[PDB]
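Peer 1: A single structure is presented below for examination.
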Amino acid sequence: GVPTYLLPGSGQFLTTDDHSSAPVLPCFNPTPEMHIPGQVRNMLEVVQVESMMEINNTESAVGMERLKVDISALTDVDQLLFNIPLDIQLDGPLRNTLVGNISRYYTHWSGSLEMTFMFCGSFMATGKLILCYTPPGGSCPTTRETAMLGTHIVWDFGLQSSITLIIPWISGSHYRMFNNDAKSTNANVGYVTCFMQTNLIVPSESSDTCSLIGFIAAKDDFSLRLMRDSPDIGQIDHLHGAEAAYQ
Amino acid sequence: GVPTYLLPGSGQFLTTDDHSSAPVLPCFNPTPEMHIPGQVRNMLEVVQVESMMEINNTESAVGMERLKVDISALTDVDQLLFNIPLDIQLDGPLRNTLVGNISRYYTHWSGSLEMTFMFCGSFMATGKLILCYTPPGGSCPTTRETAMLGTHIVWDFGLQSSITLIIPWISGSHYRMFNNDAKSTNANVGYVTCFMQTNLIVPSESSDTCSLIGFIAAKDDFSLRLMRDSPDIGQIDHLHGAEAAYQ
Amino acid sequence: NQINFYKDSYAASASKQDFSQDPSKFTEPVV
Amino acid sequence: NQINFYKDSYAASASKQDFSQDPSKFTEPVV
Amino acid sequence: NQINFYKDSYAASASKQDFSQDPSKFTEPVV
Amino acid sequence: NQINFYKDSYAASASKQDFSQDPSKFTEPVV
Amino acid sequence: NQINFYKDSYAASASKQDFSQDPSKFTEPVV
Amino acid sequence: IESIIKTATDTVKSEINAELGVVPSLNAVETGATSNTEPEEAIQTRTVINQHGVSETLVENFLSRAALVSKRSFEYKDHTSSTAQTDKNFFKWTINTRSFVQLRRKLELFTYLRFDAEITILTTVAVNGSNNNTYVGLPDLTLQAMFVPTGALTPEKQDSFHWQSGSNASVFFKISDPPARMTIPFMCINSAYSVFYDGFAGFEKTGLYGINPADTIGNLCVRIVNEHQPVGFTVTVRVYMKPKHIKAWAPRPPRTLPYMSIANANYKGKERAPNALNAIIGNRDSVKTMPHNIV
Amino acid sequence: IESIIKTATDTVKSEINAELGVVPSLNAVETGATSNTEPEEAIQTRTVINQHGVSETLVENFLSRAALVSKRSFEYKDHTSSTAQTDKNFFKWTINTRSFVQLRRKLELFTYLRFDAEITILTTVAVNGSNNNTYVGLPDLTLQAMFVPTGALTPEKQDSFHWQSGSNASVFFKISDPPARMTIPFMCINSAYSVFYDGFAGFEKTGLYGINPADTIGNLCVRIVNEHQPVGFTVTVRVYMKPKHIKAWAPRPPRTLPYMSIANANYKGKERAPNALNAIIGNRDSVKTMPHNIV
């Protein structure tokens, strides 16, 4: 009431405040809300959907050829196809994902990651294929027998033409962070390594450039916590229209 | 409501305030709390546990030989073994105790002190031993007959090999302070003096360097009050990592 | 916890209480 | 005595009301 | 939503609640 | 409408509510 | 009339309400 | 549907589920996202109760972070002496999200957002050093911030007589003060702000593309009330908008490339990877070559 | 167990308890602490009702004392002219308890603490005397204090365009004002802050020891909003953190030696006693020689 003493946290514009603010328009009735489709009441609805990684992070892979990975019929068994640094913050294949760009706004992230890989090949292109996810603590595997001990799943291409590996939530803490140091107990999620299982068998009339498209989504237990400011964009100068919307 | 007048204690950062403060993270759900062991909901749980004093506060006692006290088979009866300034603040044997370091954070202290001395000798090392605590008002005793009139307790070593003397709470006031003047009615707790009772009897094959380890704990009535800033640490310069965590 | 003393419903606190959400709009937009 | 008008439970007053304590965790950690 | 702590009824908040209105005074001022 | 949070009754708001008045003290001071 | 919003009972308003007093302690300290 | 979930969903115990005829993991990408949950296949899960924070990742909690939308360090002096289009003690900032890329990316996450703009105008003063003036104290200028809708005439001077505010919304707040926590409402004639607009503002063919005529909130004309001081100051008015009362629609790919223009979504990435046109993600040495490896 | 005690426990009357077969005082140290209470033996106590203060020695009352954690007297000037790693009007203080030994010792009393950091940022201005400038008033600078989590890019300039705060938490408070009473929450991915961490942050062998990756709260980037003044000031930003909502685990030996480094617990005592490596307690002349004696 009348006796009021000012707190130390007064006159502070805490960007993340929720205090009610004066209405500039005083009896302003807003527009009636129509049932627009696609209301997102939680970003964890955006992250729970598929998003391609850029598996070919390669200088030869320019433009369109980064999402796909051209695997062929290798003459050797137990061969490494590709490895994905499951690092959302360390600008890896994931960064450019709806589970990764949104989690780049958050210092803390948790929950089981979805790992759905589709096969963009011919119908006669057959062959089993294994998605090894290993919990962190060692190096990224390059051979099959040292990677099948982790979370692996064998994928015959078949008819549905897409497997969904599920990354389990293995961590000593409750929330893996994005400490910008991939090699940190509190930051490393592990390594998803892809291997030939029974080799890509393709006929002569089918191309021997059969392509895998992967996606990483989130599950219903996934959660992001401390919200930071994504390092994706950079305003090193003022954009066009600045000093002109000011006019 | 609307008529509000500012108090004289406004805009003040009272370090010991409890006023609610703006949440920087606005809908931040914290980590779920797991049942970690050893929750200390009160420091008086830390002080109620044993802690060695440094009985040998001696320049010859370097490093490890400060907690123990080497008593031997003296040829004279009624001999003084050691005296403990029961001063928690005056950097005495206690200062380095969980009843003393925590009470060095508090200007006021009260409650009965525990005084538990164990015998780190051989099994055949026998001999009664008396722990005289005298209330303040006179000098620290050096002979047995002028110290047995106070709070004394005779300790045959036996099988349990540890006595627990209890310092009673004798004070004119309700809380002995740490006025940094040991010789102050409101600061002196008294003197705990240890004497031979029937001498340390040791065989030839046992060492004549038998050792006493003491502890001072607190009881369930012990209490600390005005919280000060412990004089144990001193930041006369900036630590390493300062001007580097700033980077 | 709301200190909305203004006469407009838009000028209230930021309603961080819309916990209900339908992820099947974007995850499973079938049938 | 609590002037917590914010929407977060962490941003409340310093709860100096946890009077319950178990000293037998550290004093008598036996049996 | 009114923080009128003064003793005068004129000094209250701006009453934006007079929703009732009669447009027939000016639109149809007949019979 | 009174924001008297002090412990003294004199320090309250200016009581402009003594509407009762007896004009016959000065207008008709007879019988 | 008390605006004690702190968690300590000592930090309240100056209690000028101890009207009870025993003058016979000092006036008539007999029998 | 009908999910009122407040915490993360708990996983249940999974066993050896090796069953013929149905399979959880082999899904179809070519409908949408997949429904293979953790205890269904690919792992033998344990029953863990999940109490993780979902309130912190709410879309309102995501978007009610008051971030910068216009930083104008307009020069406060006797502009009369010599000034040409030099912010004569006032700037007519047309209210656009798009000036600063952080909150621009946050609002361009979604196609449509109905929200109320909690506009906080933090104003800082700096004595300009081009005239080699002394510090002589930082003055407590009362700074008028008039929000004009479109169609209303923007002022042309500091004392332009359009600052009378007979019907225009304006705040009068000093600098030695808390900033002007004002809330501009849902100032849209449509039911959402079309943050992206695949259309032209005018009915003519030469209209500018991408600017929704519904989302023209107007100009936030910010001025200095008192007259010019003999010593020149650089008044830097930073308007921060907290999208409050958030209702978002149609989440989108985030903008990976650096932004170029306010009015459109024109793109040009960095000269190499990362965030480049031909390579959004920074390139590795090979497909099987793994970066950031503990060895 | 099940003790909900609010006051100190009252002692009961003790008599001559000289009983054969059981004994209270002769306990066993080699399990833990002893259970010999005051009326059990060693004294003939009196029944005194104990009404002493236990609320003042609560662990929350012990730890919710707002003490200093970072004092940066960064120089606020036109750093552009000449500055190399000289806090160009902003410092990126990585949030660590360990900088100031008082609250560092208070939090290193315990292995684990879940708490919310009530961060109060008291900022003081002083005119720097190296340029022999006059006093010319102490300015009321609005000072932005942006807390960035780890992974977010820290700014590199005063006007670095990372101060837009689209999703980053920041406060905008002046100096002629109460300090920014802000509360950073339990910003840990684990259920407690491991104040001590017997482990390495990275999975590699060359990771730094003792820094918990869970306890990397981030950086508290504090900047000056308005542009540089012609007269240089020494802005001293003192951030004080009040561990609020205290839940402490595993109490420890307090740090007796003077602290050396923030990142680790490296030790070197004073050159003699007290608080030395070979002698924590100041030495007496002999074992039976008693200091501070009334004679």
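Each chain in the structure tokens gets a letter, A, B and so on, in the order shown; residues start at 1 in every chain, and ligands are counted from 1 in the order they appear.
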Taking the backbone alone, and naming residues the way the document does, which bits of chain C are helix (DSSP H, G or I) by DSSP, as a PyMOL selection string?

Peer 2: chain C and resi 9-11+23-25

Peer 1: Please identify which residues in segment 86-220 of chain B DSSP calls strand (DSSP E or B) from the backbone, and express them as a ChimeraX atom specification.

Peer 2: /B:106,108-110,113-120,126,129-134,151,154-155,162-166,176-177,191-196,201,211-215,218

Peer 1: Can you spit out the residues from that selection as a CSV table (one decimal), in the first residue's frame, using N, CA and C atoms?

Peer 2:
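New file again.csv:
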```csv
chain,number,residue,atom,x,y,z
B,106,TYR,N,29.6,-17.4,12.4
B,106,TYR,CA,28.5,-16.9,13.2
B,106,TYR,C,29.1,-16.1,14.4
B,108,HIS,N,27.5,-15.2,17.1
B,108,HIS,CA,26.9,-15.8,18.3
B,108,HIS,C,27.0,-17.3,18.2
B,109,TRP,N,27.3,-18.0,19.3
B,109,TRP,CA,27.3,-19.4,19.4
B,109,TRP,C,26.8,-19.8,20.7
B,110,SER,N,26.0,-20.9,20.8
B,110,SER,CA,25.5,-21.5,22.0
B,110,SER,C,25.4,-23.0,22.0
B,113,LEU,N,29.0,-28.3,24.1
B,113,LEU,CA,30.0,-28.8,23.2
B,113,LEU,C,30.2,-30.3,23.5
B,114,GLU,N,30.4,-31.1,22.5
B,114,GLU,CA,30.8,-32.5,22.6
B,114,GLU,C,32.3,-32.5,22.6
B,115,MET,N,32.9,-33.4,23.4
B,115,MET,CA,34.4,-33.5,23.5
B,115,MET,C,34.7,-35.0,23.5
B,116,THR,N,34.9,-35.5,22.3
B,116,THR,CA,35.1,-37.0,22.2
B,116,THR,C,36.6,-37.2,21.9
B,117,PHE,N,37.3,-37.9,22.8
B,117,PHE,CA,38.7,-38.3,22.6
B,117,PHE,C,38.8,-39.8,22.4
B,118,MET,N,39.5,-40.2,21.3
B,118,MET,CA,39.7,-41.6,21.1
B,118,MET,C,41.2,-41.9,21.4
B,119,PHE,N,41.5,-43.1,21.7
B,119,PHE,CA,42.9,-43.6,22.0
B,119,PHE,C,43.4,-44.4,20.9
B,120,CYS,N,44.4,-43.8,20.2
B,120,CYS,CA,45.1,-44.5,19.0
B,120,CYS,C,46.3,-45.2,19.6
B,126,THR,N,47.3,-49.6,28.3
B,126,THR,CA,46.3,-49.4,29.2
B,126,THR,C,46.6,-48.2,30.1
B,129,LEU,N,42.7,-42.0,32.4
B,129,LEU,CA,43.0,-40.7,31.9
B,129,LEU,C,41.8,-39.8,32.1
B,130,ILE,N,42.1,-38.5,32.4
B,130,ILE,CA,41.0,-37.6,32.9
B,130,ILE,C,41.0,-36.4,32.1
B,131,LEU,N,39.8,-36.0,31.6
B,131,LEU,CA,39.5,-34.8,30.8
B,131,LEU,C,38.8,-33.8,31.6
B,132,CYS,N,39.6,-32.8,32.1
B,132,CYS,CA,39.1,-31.8,33.0
B,132,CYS,C,38.7,-30.6,32.1
B,133,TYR,N,37.4,-30.3,32.1
B,133,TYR,CA,36.9,-29.0,31.5
B,133,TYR,C,36.6,-28.1,32.7
B,134,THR,N,37.2,-26.9,32.8
B,134,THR,CA,36.9,-26.0,33.8
B,134,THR,C,36.2,-24.8,33.2
B,151,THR,N,34.5,-29.8,35.5
B,151,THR,CA,33.8,-30.9,34.8
B,151,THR,C,34.9,-31.8,34.3
B,154,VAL,N,36.9,-39.5,34.1
B,154,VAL,CA,38.0,-40.5,34.1
B,154,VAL,C,37.7,-41.5,33.0
B,155,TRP,N,38.7,-41.8,32.2
B,155,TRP,CA,38.6,-42.6,31.0
B,155,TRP,C,39.6,-43.8,31.1
B,162,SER,N,37.5,-45.0,23.4
B,162,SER,CA,37.1,-43.6,23.1
B,162,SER,C,36.1,-43.1,24.2
B,163,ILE,N,36.4,-42.0,24.8
B,163,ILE,CA,35.5,-41.3,25.8
B,163,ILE,C,34.9,-40.2,25.0
B,164,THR,N,33.7,-39.8,25.5
B,164,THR,CA,33.0,-38.6,25.1
B,164,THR,C,32.7,-37.7,26.3
B,165,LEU,N,33.7,-36.8,26.6
B,165,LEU,CA,33.4,-35.7,27.6
B,165,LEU,C,32.3,-34.8,27.0
B,166,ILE,N,31.4,-34.3,27.8
B,166,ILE,CA,30.4,-33.3,27.3
B,166,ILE,C,30.7,-32.0,28.0
B,176,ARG,N,27.5,-17.6,23.9
B,176,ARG,CA,28.8,-17.1,23.9
B,176,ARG,C,29.1,-16.6,22.5
B,177,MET,N,29.8,-15.4,22.5
B,177,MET,CA,30.1,-14.8,21.2
B,177,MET,C,31.5,-15.2,20.7
B,191,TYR,N,38.5,-23.9,29.7
B,191,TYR,CA,39.7,-24.6,29.3
B,191,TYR,C,39.5,-26.1,29.5
B,192,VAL,N,39.8,-26.9,28.5
B,192,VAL,CA,39.8,-28.4,28.6
B,192,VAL,C,41.2,-28.8,28.8
B,193,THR,N,41.4,-29.4,29.9
B,193,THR,CA,42.8,-29.8,30.3
B,193,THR,C,42.8,-31.3,30.5
B,194,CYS,N,43.8,-32.0,30.0
B,194,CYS,CA,43.9,-33.4,30.0
B,194,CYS,C,45.1,-33.8,30.9
B,195,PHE,N,44.9,-34.8,31.8
B,195,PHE,CA,45.8,-35.2,32.8
B,195,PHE,C,46.0,-36.7,32.8
B,196,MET,N,47.2,-37.2,33.2
B,196,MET,CA,47.3,-38.6,33.6
B,196,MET,C,46.6,-38.9,34.8
B,201,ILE,N,50.3,-47.1,30.7
B,201,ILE,CA,51.1,-48.4,30.9
B,201,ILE,C,51.2,-49.0,29.5
B,211,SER,N,49.1,-42.5,21.2
B,211,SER,CA,48.6,-41.3,20.6
B,211,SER,C,47.1,-41.1,20.9
B,212,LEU,N,46.8,-39.9,21.3
B,212,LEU,CA,45.4,-39.5,21.5
B,212,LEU,C,44.9,-38.7,20.3
B,213,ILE,N,43.7,-39.1,19.8
B,213,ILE,CA,43.0,-38.3,18.8
B,213,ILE,C,41.7,-37.8,19.4
B,214,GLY,N,41.6,-36.5,19.5
B,214,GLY,CA,40.4,-35.9,20.0
B,214,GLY,C,39.5,-35.4,18.9
B,215,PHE,N,38.2,-35.2,19.3
B,215,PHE,CA,37.2,-34.6,18.4
B,215,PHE,C,36.3,-33.7,19.3
B,218,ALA,N,29.1,-31.1,18.2
B,218,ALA,CA,28.1,-30.3,18.9
B,218,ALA,C,27.0,-31.3,19.4
```

Peer 1: Env of residue 3 of chain C: 10 Å cut, atoms = only C-alpha atoms, seq-sep filter 4 positions within chain, self excluded. Answer as a ChimeraX atom specification.

Peer 2: /A:19-21 /C:12-13 /D:5-6 /E:1

Peer 1: Report the distance between atom CA of residue 235 of chain I and atom CA of residue 235 of chain B in Å, rounded to one decimal place.

Peer 2: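 Atom CA of residue 235 of chain I sits 21.7 Å away from atom CA of residue 235 of chain B.
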
Peer 1: Could you build a table of the residues in chain B lying no more than 10 Å from chain E, giving for each the nearest pair of atoms and their separation in Å rounded to one decimal place, using only C-alpha atoms, ordered by chain and ascending residue number, as a Markdown table?

Peer 2:
```
| residue | atom | partner | partner_atom | distance |
| --- | --- | --- | --- | --- |
| B:1 | CA | E:3 | CA | 6.5 |
| B:2 | CA | E:3 | CA | 6.0 |
| B:3 | CA | E:5 | CA | 7.1 |
```
